[PDB]
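Undergrad: Chains as they are written, first to last, in the deposited numbering: chain A, 28 to 50; chain B, 1220 to 1281; chain C, 2 to 226; chain D, 1 to 232; chain E, 443 to 825, 831 to 1146; chain F, 28 to 108; chain G, 440 to 1011, 1026 to 1170. Below: one structure in structure tokens.
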RNA sequence: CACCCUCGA
């Protein structure tokens, strides 16, 4: 899942690398 | 001196112009463009400029 | 290798979608008839649509009405989806009065004799406790797409709100051809036309309008000079 | 629905068998809708007659040269394919063409059986040399459009018979273009320009009328469903 | 213009200004990218005009320390092991270590898979180094880019030029009437929209007590209530429409920090700078010739690319020498038909549609008698205030939505000498027109060269006509392969896909998360910058695209589909790349950029026509254009341009008279500007004189 | 030996450059004759010695320049350099 | 034609509309007519059409680099608010459609309307005044469509078959109309080779002679041709009577055809033919299947198998540097040469991997636009990228834009990209400044006389004869021989003269000399025109735009300045060398010259360089002093061997450049004379412009050099 | 109108 912090729509990401720190 | 003062070094040109008391023969494209005369080129040269057109004597009835 | 006349048969897929088979057609002719019928259907089919609206508490589009969730711009967009048919061929007024709380749909409209709404369940607005909605809707009959008539060009005053009119009742038209290219004396095309409408008219009625359109139009070539 | 009035058709005659037609002005964008349909109907849906296959005496497996004539077999077939003919009999019809000695073979030297008619008796076919002889049989059928010779593979008997491409369509070359014309204030209306070059079998006016009649019936099949509304 | 533009503006780094340097004092070395910009200043987002390199955008994860330098985060590598310990380093601090690129293969525990890894080293040196040498590594792949740049899908496949243009044009997007979030995204849309501040986020969790188009009241759990007011049809600094709409409904549980209402270019909290358009990549009869764009009239009929623009008009009533200007409906020699839309004060009423030239505020100013023309005085005798009404400027037209009046008589504090002030707000609903500028996210820009009817457009197999036609020739030259990829994935998002799970997971989708093996139509996906969808996975997804409602698969595994020419009917001979692309409406519309002038104001000193559309000025026939005329030899046209059409005080008037009389054009006179030149040379103690053929000086 | 000239391309510029020595001279010829024709249309109701009217048959609402340019093509004017 | 909005024309023609509204009694007086126009009453739109009728306007797009940056058009009232421009003039304006804006000017005076109608109409300005080659021609999509339908497909359906077995010749059509019907049914492909009887197209002059010859082919005469239906459709576009061309229409071929048409056929014919080509080209570019897709961007199959080699040669140098066997500064050049060969080998691996069905190959190979190097970066590899310093980075960009750049790969591409944009802005600035200087120095250079009668001309190396006997075309024929006029009778080995004096060396007229064996001409030059003030027409030559002798009064000086300053936008020697030449500076090279013809005295050492010359006739030794950091030019020594490095004993002539570099023109003047220094400047500048792909005719450069040497100094009053 | 900013081909 992409951007699972505020309650946003579930945008699915082709991400291979995990995000250790959020923007 | 008017064609040169409008190119580069305006003050340096006008100083020399005033010292030499130079007279500008208003006969050049840049100069006539500045003062609004017809450029001495193309349709401005004296061969084409002063021309009178008159119809041949053939004419319609009315 | 001589003419047989072509036959047209209808196949019903849904209540608002039909396939038409035209056969036999000259080789290469199927695609052209599909395209000609499609172009006439998508742009020259008579329908009815809302010409203008008028909300009491508003004067222009760029405002809000107290108690409703949608602003006037969103109300007009939601009203653009309204499918309606009219028998009058002259301007006719529909009315809508509804008090909140609740949801205002296309079924809450009261159509005068001659006009009819075909999807009463369309969402229009959400009214809270303090919501009240009073709307007049002027519906005319036409074809194609005509922009919202200006008030400077019309005699309408300030309280009138013009809207874009999407008259066309047809939704989607496509076609396919099955060619018989068996290297013999008999080659021929079979056309399959696909017509889907918006419950304003049946696909057969749309195709009939297009057929009358083209018959009348092509009649111009028969007259000599 | 209501009306859309003043569409007129005007003809400009270029030659005795070639005309330009202007349909003007049409609602946007009906010119494109009907132009291609009219072109295809003209080139493919006008009844005509043409040569289906032929058979030249002395040619069985070579199809290369005929002794005594300047033109080889392919050129003979080419000049015979341009022959314009009309027939009132639906079934195939057999014509013969025989001429011996030096001279010139014309389309008038052909003997048409009862029912068929040749419309260009002056077309050059071949030049016959000294002691030259040319005998050819011609199969004429009725059809429409253009059907290739390969499908005519059966019309040639395994005994010298050569199938030819059949130009059944009486029209030869059609083109069209659409321009924009402003009737009153908007410049969306379309102006259709048809350019039709046909054979001397029929005039462009009658050809266009035939295509129009066929197309009217064709779309009348759609009109006969419910009958509702559209302008005049 | 749109929330992203404002955000980027607030995150700008400008090199110009006091204490810094002058623009003339900036060589080619201050402007190019420096190896220390990594993770601090974006190397892409920078203007391409004379300010290139002087203005940058702060990187995403970058911050500023109390000293003033820009810090960026890095993951500390202990003993060849990636750690979640994050430390912010400055430039010089970063140079004292060596950092690995973000996309290094890492073990699930933290150990690097390959012994050699890409590493950045002091003085901007890039090389491979053993795994036992890496001290830190990058946080995220997108660590080096800006906010806007991180918003370009498949950014790794676009050159820096077209990428610069894409990021710079995203900030030029126009807020549409209704906003649609893009199908193909990057992940940055959400936080960009939220942190921009043009949405409405709930400060504290609670439930929605009462929601209206005007405001939203939230009843917290503790008992307190907070009401957020929506900004409706507000004029932005650049004329765009800032309009907030509630998303939640009445009685909806909402958590803290959730978007309860989104504004312009926003959809459910994500930046929606444009629309998802069905695109076909093919030449079409020359209407899209080199970078021109063809659009379907659907986008006009359904207001897909319609946008709202608001203009502010202003007028004041001052005290004059002969009295005081008064704003009145009573205007001399004006019919009752033009004044029909004004209230009793001379102000236009709300809701009235006004064309250019129509009166908005009627103001008359008293003019003295000694200022009247002899013909004006006679016309006054043969039959004291003059018309200074506020008229609508040329090219403006819309609905009057708001009026604001300030009166010195009514306590309103106006500048000394003003008695009344009126501001009229005019709103226009601009549909997409021939010449408006659209663009994608990859610097793929173009104007609208033709809007064909819905039936003329090449349509897919199932009858759906495409929406936009882009010429193919202007694609492979620019090296913006992104759009291509973006197109393909776009379609896969619209139709959905279903990967063959039976007989194991295919070999291409082994690296895809399990959440992607199945997707419904209109699915939302993210292609993170420098990560995200790889070409192999995209190939596979095109292989397993969902069929339509009839059960037919329209596009091929190559991504192309068979289209039918809506004008002739014959199918196009070859398959065509068809997909969905996110297209934005840029703020460069013909409705604003069109201009023309017959006559109008002239500068007092030089007596030459004014400049700019707003001043009703003329175009400047510059030096190079005079060279063009001279090269053609069009002597008379050049003289005409520089005399009767410009600053010939008597010549231009006689030209006007000769036109309205039908007579011929008179002979041009002397430019007044040259008279000024002579007087200026005299002011410098230079005796300039014009001599005749005889030698006498002429005055 | 060419398609029908349409609009402003008529008369053909190639034939026009045969009755004249150069591109530049033709300009003055056409323009001064157009001035004469305009004076004719402005002095038709008043005064004598009016300049010679349109030599050729003018089309309905044809610009004086076009009429003069066709007269040049039909060898109906002289010159004086 | 051009299409302007209605609201633009209404304001532009406001007074005219007022006049005609008050004439037709739509308005009582002219005042109320003004009010009507300002309120935009519906009557004006019908009246406005009468006003704009055949009233030309001028379209200008800044920057106005050359005179074709402004052109006249007939205005057409269009709805909307954008100007509609013809697709063919885009090249002249250098105008794309991504937000470009154009200015419109309305000529008012009758003289102004005539100047716009005759001098500035777009149809009368098809050719570039700088080079003579056409500009308003099929350029992008149009050339692609034409290259499409004029392509021969071997296996296409409907192909001609020879008579074999029981069937005669298959695929032999009696009329092109029959071929059209066959293609309509779906039997014949437009690109299939067939035999067609043509009756309205002149056959090639090759076959027209053997088939007819005695009498020219006549409209109606039939003949067989082995072409495709598409090529026939193409040959109907160009005018009747043009020899049928059975080629594949590459861009070069179309430019050649239109150039021949401009040379032979009149203006209007070309103006209409190119519009026909435009229509056909768009029609078929729509149906050419030209499309971009990720699959059509084919990466080399052995790409990894190609790349690890060069990564590995990059690894080579690291230990010849670890043990100190290579210097750190030499390593960089080594690795640069490593990867530069990579890009070439990858290009060869790309050309064969790309099929011909590939739309990118159809775009590039058809001459539409773009090089194959772009296709290497797109499909092969980006390669070595340069940092803002200048030297190539010892580490390349291995990835392709299809594969996906790494984070650092993109960051490292950005140095070069941004510096590209920056130095492009700076290059444009310097170019424009040079342009205005050149304009002012030659603004008053006008053609005032017909023929100055001077024998003075200059020798042009028409061609060079190979030792075996074959003649090699000189690469400078295009820029030095065309549009010239002769200054010496052309003589072959026989006494027949090939070209008389004063005959503009056209294309066939050059073929005359080339097939005659003569390899040198003496042509009239503006350098040699001995006129008091202006220049003569005979020495100037052919007006590159008009295709004929220049008319008296044309400001050829401004035309030359603009022709030279327009391509200055694309340069790297370089543009500063152009400035060094035009400003008469003491060059960087500062190459010495032989003040007296004689015997060379190579006295080379290592401390320094000193060279003397012993005069071949009388005189005294002439000594020089140069640094050993220069190098001797391989002078075409008397031995006839061009590779003769200057050693002692050679017989050099007076004014011969000794060591490589750039000789000081100031000394060339006081050595060889004004004529030779003029020639030196001309071809030394032309080297700079030609080494970059820019073709400027020597005429324009000579016009400037003529102004550089008009003055002399005073020694004694 | 003087400077200033941001931007477009």
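Cβ coordinates follow ideal geometry from the N, Cα and C atoms, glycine included.
For a quick check, are the C-beta atoms of residue 650(E) and residue 600(E) less than 8 Å apart?
TA: The count along the fifth chain starts at 1 and reaches residue 650(E) at position 208. The count along the fifth chain starts at 1 and reaches residue 600(E) at position 158. No, they are not a contact pair.
Undergrad: Can you grab the Cα-Cα spacing for the pair residue 469(G) / residue 453(G), in whole Å?
TA: Residue 469(G) sits at position 30 when you count from the first residue of the seventh chain. Residue 453(G) sits at position 14 when you count from the first residue of the seventh chain. Computed Cα separation, rounded: 11 Å.
Undergrad: Would you list, in chain order, the members of the stretch 481 to 514 of chain G that have their beta-carbon closer than 8 Å to a beta-carbon of chain F?
TA: 489, 492, 493, 494, 495, 513
Undergrad: Skipping 5 residues on each side, what residues in its chain have a beta carbon closer than 7 Å to that of residue 696(G)?
TA: Numbered from its first residue, the seventh chain carries residue 696(G) at position 257. Closer than 7 Å at the Cβ level, and outside the excluded window around residue 696(G), lie 677, 684.
Undergrad: Opposite residue 1075(E) in the DSSP bridges: which residues?
TA: Within the fifth chain, residue 1075(E) is the residue found at index 628, counting from 1. Bridge partners of residue 1075(E): none, in fact.
Undergrad: Please state whether DSSP places residue 471(G) in a helix, a strand or coil.
TA: As a first step, residue 471(G) is located in the seventh chain; it is residue number 32 there, counting from the start. Residue state, collapsed to three classes: helix.
Undergrad: Of all the options 31(A), 47(A), 38(A), which has the alpha carbon lying nearest to the alpha carbon of residue 623(E)?
TA: Reading the fifth chain from its first residue, position 181 is the one you call residue 623(E). Of the listed residues, the one whose Cα sits closest to residue 623(E) is 38(A).
Undergrad: How about residue 40(A): is its C-beta nearer than 8 Å to some C-beta of chain E?
TA: Start at 1 with the first residue of the first chain, and residue 40(A) comes out as number 13. So yes, residue 40(A) belongs to the interface.
Undergrad: Can you list, in chain order, the residues of its chain with a C-beta nearer than 8 Å to that of residue 786(E)? Leave out the 5 residues immediately preceding and following it.
TA: Your numbering for residue 786(E) matches position 344 in the fifth chain. Same-chain partners within the cutoff: 771.
Undergrad: Evaluate contact between the stretch 616 to 625 of chain G and the stretch 135 to 149 of chain D, counting only Cβ atoms and requiring at least three cross-stretch pairs below 8 Å.
TA: yes
Undergrad: Which residue from 158(D), 102(D), 139(D) puts its Cα closest to that of residue 90(D)?
TA: As a first step, residue 90(D) must be located in the fourth chain, where it is residue number 90. Of all alpha-carbon atoms in 158(D), 102(D), 139(D), the one lying nearest the alpha-carbon of residue 90(D) is that of 139(D).
Undergrad: Using the beta-carbon count (16 or more within 10 Å), is residue 63(C) buried or exposed?
TA: Translated into the one-based positions of the third chain, residue 63(C) becomes position 62. Per the 10 Å Cβ criterion, buried.
Undergrad: How about residue 156(D): is its C-beta nearer than 8 Å to some C-beta of chain C?
TA: Counted from its first residue, the fourth chain places residue 156(D) at position 156. Chain C contact via Cβ: absent.
Undergrad: Around the C-beta of residue 1051(E), are 16 or more other C-beta atoms found within 10 angstroms, so that it is buried, or is it exposed?
TA: Along the fifth chain, one-based indexing puts residue 1051(E) at 604. Exposed is the call here.
Undergrad: Identify whether residue 726(E) lies in helix, strand or coil by the three-state DSSP scheme.
TA: Here the question's residue 726(E) lines up with position 284 in the fifth chain. Coil.
Undergrad: Over what stretch of residues does the alpha helix (DSSP H) that includes residue 978(G) continue unbroken?
TA: Stepping through the seventh chain from its first residue, residue 978(G) is reached at position 539. Taken as a continuous stretch (DSSP letters only), the alpha helix (DSSP H) holding residue 978(G) covers 976 to 979.
Undergrad: Taking any Cβ of chain B, which residues in the stretch 1079 to 1096 of chain E have a Cβ under 8 Å from it, in chain order?
TA: 1079, 1080, 1081, 1082, 1083, 1085, 1086, 1089, 1090, 1095
Undergrad: Are the beta-carbon atoms belonging to residue 219(C) and residue 215(D) less than 8 Å from one another?
TA: Locating residue 219(C) in the third chain gives position 218, where the first residue counts as 1. Locating residue 215(D) in the fourth chain gives position 215, where the first residue counts as 1. Yes; because the gap between Cβ atoms is below 8 Å, this pair is in contact.
Undergrad: Give me the DSSP bridge partner(s) of residue 176(D).
TA: Translated into positions along the fourth chain, residue 176(D) becomes position 176. BP columns for residue 176(D) point to 194(D).
Undergrad: Looking at residue 577(E) and residue 524(E), is the spacing between their C-beta atoms short of 8 Å?
TA: Residue mapping note: residue 524(E) aligns to position 82 of the fifth chain, counting from 1. Residue mapping note: residue 577(E) aligns to position 135 of the fifth chain, counting from 1. Against a cut-off of 8 Å, the Cβ pair of residue 577(E) and residue 524(E) comes out as no contact.
Undergrad: Would you list the residues sitting across from residue 830(E) in a DSSP beta bridge?
TA: Note on chain E: consecutive modelled numbers read 825 then 831, so residue 830(E) has no coordinates in the structure shown.
Undergrad: Using only alpha-carbon positions, find the residue among 23(D), 2(D), 15(D), 14(D) that is nearest to residue 223(C).
TA: Within the third chain, residue 223(C) is the residue found at index 222, counting from 1. Looking at the Cα atoms, 23(D) is the closest of the given residues.
Undergrad: Buried or exposed: where does residue 923(E) fall if 16 or more other Cβ atoms within 10 Å of its Cβ makes it buried?
TA: Residue 923(E) sits at position 476 when you count from the first residue of the fifth chain. Buried is the call here.
Undergrad: Any beta carbon of chain B sitting closer than 8 Å to that of residue 883(G)?
TA: The residue you call residue 883(G) lines up with position 444 of the seventh chain. It does; some Cβ of chain B falls within 8 Å.
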